[PDB]
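Trainee: this one's sequence-less:
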RNA sequence: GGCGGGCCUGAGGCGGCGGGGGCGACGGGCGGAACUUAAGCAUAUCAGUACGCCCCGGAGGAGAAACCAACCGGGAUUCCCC
RNA sequence: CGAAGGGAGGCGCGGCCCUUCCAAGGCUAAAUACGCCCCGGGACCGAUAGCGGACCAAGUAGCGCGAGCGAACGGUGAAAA
RNA sequence: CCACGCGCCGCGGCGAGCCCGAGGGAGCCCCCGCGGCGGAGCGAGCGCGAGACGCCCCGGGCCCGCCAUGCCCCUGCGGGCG
RNA sequence: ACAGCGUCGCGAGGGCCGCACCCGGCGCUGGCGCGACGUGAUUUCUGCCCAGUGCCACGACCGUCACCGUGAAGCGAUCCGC
């Protein structure tokens, strides 16, 4: 039961021990490329929690995402329109950096499927997240009852369709009951059903 | 029906009428025009079934 | 045009010509009934002895507006199941739905549901040990809700005026009124007691 | 309004330097081990003309220290340098015109040109015709040398920084009047599309802030704040004073 | 008012479903926290609260804790835990 | 200072397999208007729409309560009536 | 900035209860939606109508540098006799 | 023109009731089928809560709620009566 | 437009522009330069005015003028000082 201790050590991040490890790790991740393959999960305990198993066809890729708010892509800093829509630099991104990271490593590797992402490091301009990607066509993954669900074609590009945990957090599905009543099948699908005019044959 | 054409009015000052016209000046998008939409097009949302107790 | 017209609470049509399609025509109604009957008929054929519907519990309709009526609920609690001595697997295998989320909330619910299970267990016949075709063919599929919950119609009982008089205080209306206002009459008393301390 | 000429200029596109047929980047020879200790000898193969530069350039060929060939350097030419001169670039270099030595080695009062703003920058200050910098003082404790830039401003540069002894050639080029608009067109064609110049008071209100009315007038004061906006800074930016005066 | 007014509410017995032997974290989790405390120590915010606890008492410590954390209940809990280290010194 | 071996991080090739692009609908993810309505017009409305981009499937998405409630309570999701 | 028992109960804040659940990991059928295309039907339109297009070659002929625009034209007779 | 919402008028069925809701019935003009709305109002609410007459209509009289004010008393900032 | 004539900014750890961002142009540049402006060859000159409005001060910090931080009070949200 070693992992109970490593979860406790990762609860104490500000500790001098882990601050040193976190500084060396970050100085190194800075010297590498944005999307890098990591041979092993740099966090074996967190990977295991999100479904990583050290079998062939399970891969870990670290993706570096830039830290800060969104700036709208309007030329010359001008968004012509009603005054409410005139604002370009104070906007906050709609999806978290954890979700942006998954979407970026999904485009880089369209053949693989994305399980989940964990935070590895952060700095004043960049946050690093590590993603677990599964090869749907590997024999070990196909012939495994536990992970053969990813091999199904509906799970193709899950991070493009907001079905990963980070994407589902952005859609508000991490919440149920009051407040989540108008965002269940989807925010758009609730709007369509609520605003549908049902002209029954006997009306 | 009648609205797949691209027609915009030529306008006042060409000695024509003010209705929407296509590229050659052919009248379009109007009940009076040949190939124009109906003024009030039939709809499938009419109540067809009446209710009896 | 005006005069006294109640104002409209209708909302303006949205996405009328462009957008998601917010109009649902119901011409597909006669043919949806036909498709749904066929799906039930084909599913029924696939399991001839087995009924389409699993036994589901009798549960009080939620809220004070329907407190005294009963409806069908998702499944039997594990306490109701222990009254008939059936595990969740065995209950589901014999067509009784099981809800491990439901908690009884009353002693009465367990008894009402335990009784209902006993009726079903006596009614259920299990075809095992080699399918004797004539006897499986002889079996009749039950159609519709198994044991549909019935809300008995109210009836007028008979009572002694004297026994009732002992149960209620005289001036019941005063007693009821004293209870409705008790918290407020005590808060005003506590407030008045402070206004007295002001003199000292 | 419309984007003004200054704004349109920063995207290049017609206002980009006419750099075709220019010899190359004129730069001091790279600092090397033989420059840092001792001196490398070069021979001035040619003194030629750069398309957009008034000052003559010079092809000096040094030996290749790294290997076996001969390496050619392009240098802004000090006046007096001749074809077949021997130019020494080194820490142990004699004080003759053309030689490149570190500024600490150069004595005070010496006219220097193509001075390095920071050591191993291969050229920065005093590169235009006639221009020169002078050695003012050396602080041998701070390893820094004061120089007077051609503007007059005094800069403390590292004693390690190198400079070519001499005054850049082409001296007194602006003394001659251009005389004709045509002579201006020929000078600017070798440089960038900046000529001819239309005054903003000539342009319509859209084109320039000075813009236009019934009479051609600057409207508000030509002086603009240093914190103006990018299309608003058009007249005299951050002027400490304006007007013709004594001194 | 969330309850309807029925003075006789309670016409059936009620299943007493509560408590379920309310339990603590367990010794093994406590033993894991100790091993990690020995090789981690205290975070900076915790050390600052410990100094306020040794001198400057608690209004300052609970004001710092509520800013550093985010709940009065969590802050009061941190102050009560950090007190043992401060009092022992 | 060389000389092999193990670990770890990478590099080049080779083999097997997989991805890519298409579809005026339905579906998921985002970026996102304005005409318009307010008898003017800034919030608001239009509209969480058009349109741009990305991504599946025959459906998709959702989904087995850190749920609702306040009762003589219920009990994943989706859909319909209200 | 950063918890450890924590979340919720449709008016914030501090206390005390009570009911009720366990987030920060994942899967999942059914009922539901829907064009092309195929199949049937209609109190539909009847050649200026109905798809822009019923004509053996309609997104064609033609027009525009291009993105794009975009027609007209049914019927001899029973038999070509 | 059509849909939908509201006002009022006529007409049909039924009447303190009334109702082809969605659905389900080897059944779709047949059968079965909830809300809802009406039946009690008034007050911001806590809450409290209508009979006395009358062809009909109008008016007066009186009752209920909201607001004040006396008086009496239980289970009392509560009940009764004005 | 022009040659001429001024005025202005700027020593590259810069200036002036581009610019959704990544990054660019002047710049293969370097004050006899680059950018910004007026006036418009000569000949002869260009007076007075710094109130107003600009602009500029390693020109002061006077009065004002924020988050933050720091005190005090509070049960805490908070509020009041600095």
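Mentor: Everything's here; your move. Residues are numbered from 1 along each chain as shown, chains lettered A, B, ... in the order given.

Trainee: chain center to whichever helix in chain E runs longest, what's the gap?
Mentor: Longest helix in chain E by number of residues (criterion: DSSP state H): helix E:72-88. Relative to the mean C-alpha coordinate of its chain, helix E:72-88 is positioned 9 Å out (CA atoms, centre = their mean, to the nearest Å).

Trainee: tally of neighbours for residue 69?
Mentor: This is for chain A. Neighbour count of residue A:69, defined by other CB atoms under 10 Å in any protein chain shown: 9. (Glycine included, C-beta is placed from N, CA and C.)

Trainee: The chain in question should be chain E.
Mentor: By the measure other CB under 10 Å, the count of residues near residue E:69 is 16.

Trainee: That one contacts residue E:78, correct?
Mentor: Yes. Residue E:69 lies in contact with residue E:78 (CB atoms under 8 Å); the separation is 6.2 Å.

Trainee: what about the residue of chain A found nearest RNA strand F, which helix or strand?
Mentor: With CB to the nearest atom of the strand as the measure, residue A:177 is the residue of chain A nearest to RNA strand F, at 1.9 Å. Following DSSP states H and E, one finds residue A:177 outside all helices and strands.

Trainee: how much space between it and residue C:61?
Mentor: Residue A:177 sits 21 Å away from residue C:61, going by CB to CB, to the nearest Å.

Trainee: Those two: who's more crowded?
Mentor: Relative neighbour count places residue C:61 above the other of residue A:177 and residue C:61, with 14 against 6, counting by other CB under 10 Å.

Trainee: do you know how far that one is from residue C:108?
Mentor: For residue C:61, the distance to residue C:108 - CB to CB - is 15 Å.

Trainee: cool, residue A:91 as well?
Mentor: Remark: distance between residue A:91 and residue C:108 (CB to CB) = 58 Å.

Trainee: Who has more neighbours out of the two?
Mentor: Neighbours per residue, other CB under 10 Å: of residue A:91 and residue C:108, the larger number sits with residue C:108, 14 against 11.

Trainee: three-state assignment of that one?
Mentor: Using DSSP: H, G, I helix; E, B strand; the rest coil, the secondary structure recorded for residue C:108 is helix.

Trainee: Return the residues of chain C in contact with RNA strand F.
Mentor: C:12, C:14-16, C:18-21, C:24, C:57, C:59-64, C:67-68, C:71, C:73-74, C:99, C:101-106, C:108-109 (CB under 7 Å from any atom of the strand).

Trainee: Report the buried members of those residues.
Mentor: The neighbour-count test (16 or more other CB atoms under 10 Å in any protein chain shown) marks C:57, C:59, C:60, C:73, C:99, C:102, C:104, C:109 as buried among the residues of chain C next to RNA strand F.

Trainee: Show me the two of those that sit farthest apart.
Mentor: Based on CB to CB, the longest span within these runs between C:60 and C:99 and measures 14.8 Å.

Trainee: nearest spatial neighbour of residue 110, skipping sequence neighbours?
Mentor: In the absence of a named chain, this looks at chain A. Excluding the flanking residues, the one nearest residue A:110 by CB to CB, 6 or more residues apart in numbering or on different chains is residue A:157, at 7.2 Å.

Trainee: Sorry, I should have been clearer: chain D.
Mentor: residue D:135 is the one closest to residue D:110 (CB to CB, 6+ apart), at 5.0 Å.

Trainee: cool, residue D:3 as well?
Mentor: Closest residue to residue D:3 apart from its sequence neighbours, by CB to CB, 6+ apart: residue D:231 at 6.9 Å.

Trainee: Equivalent analysis for residue D:78, please.
Mentor: Per CB to CB, 6+ apart, closest to residue D:78 is residue D:166, 2.8 Å.

Trainee: now the helices for the chain?
Mentor: In the absence of a named chain, this looks at chain A. A:2-9, A:16-30, A:44-49, A:97-108, A:139-142, A:165-171, A:187-195.

Trainee: I was after chain C.
Mentor: Per DSSP H, chain C carries helices over the ranges C:29-46, C:78-84, C:88-93, C:107-123, C:133-138, C:161-167, C:172-197.

Trainee: how about a markdown table for those, with distance to residue D:81 added?
Mentor: Below are the helices of chain C laid out as a markdown table (distance: least, CB to CB, whole Å):
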| stretch | distance to residue D:81 |
| --- | --- |
| helix C:29-46 | 99 |
| helix C:78-84 | 103 |
| helix C:88-93 | 102 |
| helix C:107-123 | 110 |
| helix C:133-138 | 115 |
| helix C:161-167 | 127 |
| helix C:172-197 | 105 |
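
Trainee: Packed most tightly, which of those helices would that be?
Mentor: Looking across those with neighbours counted as mean count of other CB atoms under 10 Å in any protein chain shown, the highest average goes to helix C:78-84: a mean of 18.

Trainee: Can you give me the neighbour number for residue 32?
Mentor: This is for chain A. The tally of other residues near residue A:32 (other CB under 10 Å) stands at 12.

Trainee: if you could check chain E rather than the one you did, that'd help
Mentor: Neighbour count for residue E:32, taken as other CB under 10 Å: 19.

Trainee: Quickly check: the one helix or strand it maps to near RNA strand G or not.
Mentor: Per DSSP H and E, residue E:32 falls inside helix E:27-40. No. Using CB under 7 Å from any atom of the strand, helix E:27-40 never reaches RNA strand G; the gap is at least 8.4 Å.

Trainee: continuing past that helix, what's the next helix or strand?
Mentor: helix E:44-54.

Trainee: Now do that next one: which elements does it pack against?
Mentor: If contacts are counted by 3 or more CB pairs under 8 Å, 6 or more residues apart in numbering or on different chains; DSSP states H and E, helix E:44-54 sits against helix E:59-68, helix E:72-88.

Trainee: I'd like these laid out as TSV, including distance to residue A:146 and mean neighbour count.
Mentor: Conversion of the helices and strands packed on helix E:44-54 to TSV gives the following (distance: least, CB to CB, whole Å; neighbours: other CB atoms under 10 Å in any protein chain shown):
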stretch	distance to residue A:146	mean neighbour count
helix E:59-68	42	16
helix E:72-88	37	14
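
Trainee: Tabulate the ones you listed (JSON lines), appending distance to residue A:52.
Mentor: Formatted as JSON lines, the helices and strands packed on helix E:44-54 follow (distance: least, CB to CB, whole Å):
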{"stretch": "helix E:59-68", "distance to residue A:52": "33"}
{"stretch": "helix E:72-88", "distance to residue A:52": "32"}
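
Trainee: among those, which is nearest chain C?
Mentor: Chain C sits nearest to helix E:72-88 of all the helices and strands packed on helix E:44-54, at 27.0 Å, using CB to the nearest CB.

Trainee: Return the angle between stretch directions for that closest one and helix E:44-54.
Mentor: Computed with axes from the mean of the first three to the mean of the last three CA atoms, to 10 degrees, the direction of helix E:72-88 lies at 60 degrees from that of helix E:44-54.

Trainee: Can you name every helix or strand that helix E:72-88 contacts?
Mentor: Helix E:72-88 packs on helix E:44-54, helix E:59-68, going by 3+ CB pairs under 8 Å, 6+ apart.
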